[PDB]
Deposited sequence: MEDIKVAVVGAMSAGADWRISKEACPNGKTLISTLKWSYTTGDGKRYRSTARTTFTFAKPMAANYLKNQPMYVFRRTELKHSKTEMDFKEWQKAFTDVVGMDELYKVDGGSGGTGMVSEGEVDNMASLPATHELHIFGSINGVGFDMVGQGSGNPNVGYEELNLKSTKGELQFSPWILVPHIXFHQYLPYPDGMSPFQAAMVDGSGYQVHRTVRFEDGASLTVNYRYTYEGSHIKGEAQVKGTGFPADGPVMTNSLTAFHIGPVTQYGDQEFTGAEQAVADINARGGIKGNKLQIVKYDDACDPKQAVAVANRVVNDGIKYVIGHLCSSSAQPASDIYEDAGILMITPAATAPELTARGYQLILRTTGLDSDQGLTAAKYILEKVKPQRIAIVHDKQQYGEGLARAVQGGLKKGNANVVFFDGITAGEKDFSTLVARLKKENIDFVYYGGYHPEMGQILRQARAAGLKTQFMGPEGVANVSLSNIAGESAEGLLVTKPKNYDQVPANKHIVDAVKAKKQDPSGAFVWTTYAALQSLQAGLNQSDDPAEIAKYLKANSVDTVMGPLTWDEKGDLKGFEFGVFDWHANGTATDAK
C-alpha cells in the first residue's frame, strides 16, 4: 500500500529553519549521523550537500543507547560575519521519532582552534564560547590569525560541540563520555552537487567545565567561479519569485490533503516531494535530472517560462509527465512534445486582450511600452505593440530595462519630459513596484497596465498607495465561486492567503493528475486520457488540445487596489 510520490517544483522558497540529523549505532564504540544541508546564494539559488559524521568512543556506550535507535536531532543556526570575524549561535533538540516540539562536570565554556585549506587557500581562526547543556544551546566568537578569508565563511558552518546536547530522559552518549573522562573523536565527510568534497577531524581536552577543541579542515574540487570561491553564500532573503512559489505550495498542500481525506488513489496516499529551481535555467536542468534519478514519474510546476522550457526537454527525453500551473510563453508547447500540459493560458491571447482594452476603453493620447528583456516580459510587450500598431494608436517609444535594477530615475525623468499618459510594462512585480512608487514620488499622473505577473500582494507591499488604480490582465477570481468556499475556509484556517491565481491553477493541476492516475500509472497513457476527455476542477470543466494547451481559456481585465485586491474593470 506504498505512497505515490509527486514532485512539486517551487522557486526561491525559505524552507525549514530546523534541519534533521538521523543517529544510528552499528556497535558499542560507533555512532553514525547522516544530514542533508542546502546553502543559499545572494542570487536566491540553492547549493546542495550531504554529510556523514563518525563518532569513535574509547569505552563502549551504555546498553540503553544501543536499544533505543534510531534517534532524530533537530538543529538551527545563526551566523553574522565580516571577512575576518564570525559570531555564531546553535539550538539542538533530540527525539525518538520525527515530530518536533511544535510551536566530573558537564560543560559551561569552550574554545575552538579551526585551521586547514579550501582549494589550497590556507586559513586559521581562534576564539571563546559558552553554552547550556540542560537545553542544547551554544554560542561562539572566532577571529582570523592570517588576515582576510578568501572564500565564503559559510563553508565553515555547521563545522564550528555535541557535549552541549541532552537526550530526552538523561545525558546524550556525547555527555556520558565527557563525564566519564574517556571521551570520543569525530570525523565528518561532506559531498557537494558540483563534485567538491570537504573533510573535518576533531580532538577535545576537558579542563573541568571548560572544553578545548581542535578541528582540522581540507576542502578540494570547488569550481573557481562557484559561490564558495567567489564569497557569494548568504542567509535566505525573500527574492524576486518567492511570491509565485508560496502560491504554488499553498494550493498543492491543500489539494493533496483533500485527495488523501477521501481515500487517495484507490487507497494509496499521494506524497509531495518538494524541489526548488529559483526560476533559473541551469538550476531547472539540475532539478529535472534529480527528479528522474529519484524514481518520480509525475511533476507539478517549473513556474517561469525561462525555467519550464529547459526542464521540459529532460522530462520528454526521460518519459516523465510535466503539468505547469503558471508558465504562459507559447514556445513551451510549439515543439511537438507529447508529455507537457498546462493549467494556465497563452501570452499570445493575454497580449491581444490587453491591446483591445487599450484601443476600446482607455483611448490614451501618448503611449510608452517597457519590458525586462526576459522571455515572458519581452514576448508580451511585442504582442501588445503589434495589436496597438494594427489599431493605429500613438506608440511614442519601446524600450528595455535590466531585471534587478532598483534606480528608475532615468525612465521617470523621460516619462515626465515626453508627456506620456499611458505605460504598458511586460515583466514581474519587483520592477513594476519600484517604477510605480518612483513615478508617484516625482508627481507623474500616468496610467499604468501590466500582465498577471504583477497582479499579487508583493506588488502592493513594494508600491503601497502608488499601486492604487493599476490595470491588470489575470485569470478569473476563482476564490469568489461559491462551490470553492470550503477550500477558501481551510486555507484561511492555516493563516495562509487563498487570493492568488496560482493557488487555483495548482489545485486544478493536482485534480487533473488524480483523474489520470484513476485510469493508468504510465505518463504517456495519462497525457492521452486528458487530451481525449473533460475533467471537473476548481477552475470549471477543463479540456486540452493535442499540444497540451487549455481550450477556451480567457484572461479578464481588473482594477488593482493598494490592499492587494482586484475588481472587474468594467
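- [ ] Identify which parts of the deposited sequence carry no C-alpha coordinates, going from the N-terminal end onward.
- [x] The deposited sequence has unmodelled segments at 104 to 125, 183.
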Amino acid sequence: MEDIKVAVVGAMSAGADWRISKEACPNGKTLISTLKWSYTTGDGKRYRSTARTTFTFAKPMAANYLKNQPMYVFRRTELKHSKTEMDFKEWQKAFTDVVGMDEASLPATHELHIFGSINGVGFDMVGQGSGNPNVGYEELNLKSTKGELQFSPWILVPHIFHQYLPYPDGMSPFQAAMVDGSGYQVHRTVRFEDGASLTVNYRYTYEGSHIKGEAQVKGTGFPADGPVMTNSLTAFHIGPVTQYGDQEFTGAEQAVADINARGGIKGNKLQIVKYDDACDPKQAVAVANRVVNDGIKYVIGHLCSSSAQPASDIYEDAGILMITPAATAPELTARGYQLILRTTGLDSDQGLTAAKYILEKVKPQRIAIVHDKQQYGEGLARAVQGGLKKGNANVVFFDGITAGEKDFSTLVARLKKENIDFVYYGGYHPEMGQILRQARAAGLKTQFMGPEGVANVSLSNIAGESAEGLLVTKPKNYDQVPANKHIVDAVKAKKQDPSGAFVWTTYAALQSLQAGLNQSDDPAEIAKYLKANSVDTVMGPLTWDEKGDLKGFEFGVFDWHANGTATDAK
From here on, numbers count along this sequence of modelled residues.
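- [ ] On mean C-alpha B-factor from the PDB entry, just flag whether 147 to 155 or 112 to 120 is the higher one.
- [x] Mean CA B-factor is higher for 147 to 155.
Open item on the list: Mean Cα B factor from the PDB record: higher for 337 to 345, or higher for 478 to 486?
Closed with: Higher mean C-alpha B-factor: 478 to 486.
TODO: For the C-alpha B-factor as written in the entry, point me to the maximum among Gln511, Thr543, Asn68, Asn27.
DONE: In this record, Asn68 carries the highest C-alpha B-factor of the candidates.
- [ ] Choose from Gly100, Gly433, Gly213, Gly251 the residue with the greatest Cα B-factor as stated in the PDB record.
- [x] Comparing C-alpha B-factors across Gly100, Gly433, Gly213, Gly251, the top value belongs to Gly100.
Task: Modelled-residue ranking by C-alpha temperature factor, third containing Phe88 - done: Bottom third by C-alpha B-factor.
TODO: Please rank the C-alpha B-factors of the chain's modelled residues and tell me whether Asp421 sits in the lowest, middle or highest third.
DONE: Middle third, going by the recorded CA B-factors of the chain.
- [ ] Among all modelled residues of this chain, ranked by Cα B factor, put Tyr47 in the bottom, middle or top third, i.e. lowest, middle or highest.
- [x] For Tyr47, whose C-alpha B-factor we compare with every modelled residue in the chain, the answer is the highest third.
Open item on the list: Lowest, middle or highest third: which one holds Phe558 when the chain's residues are ordered by CA B-factor from the entry?
Closed with: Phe558: CA B-factor falls in the lowest third of its chain.
Open item on the list: Using only modelled residues of the chain, where does the Cα B factor of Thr41 rank: lowest third, middle third or highest third?
Closed with: Tercile = highest for this residue's CA B-factor.
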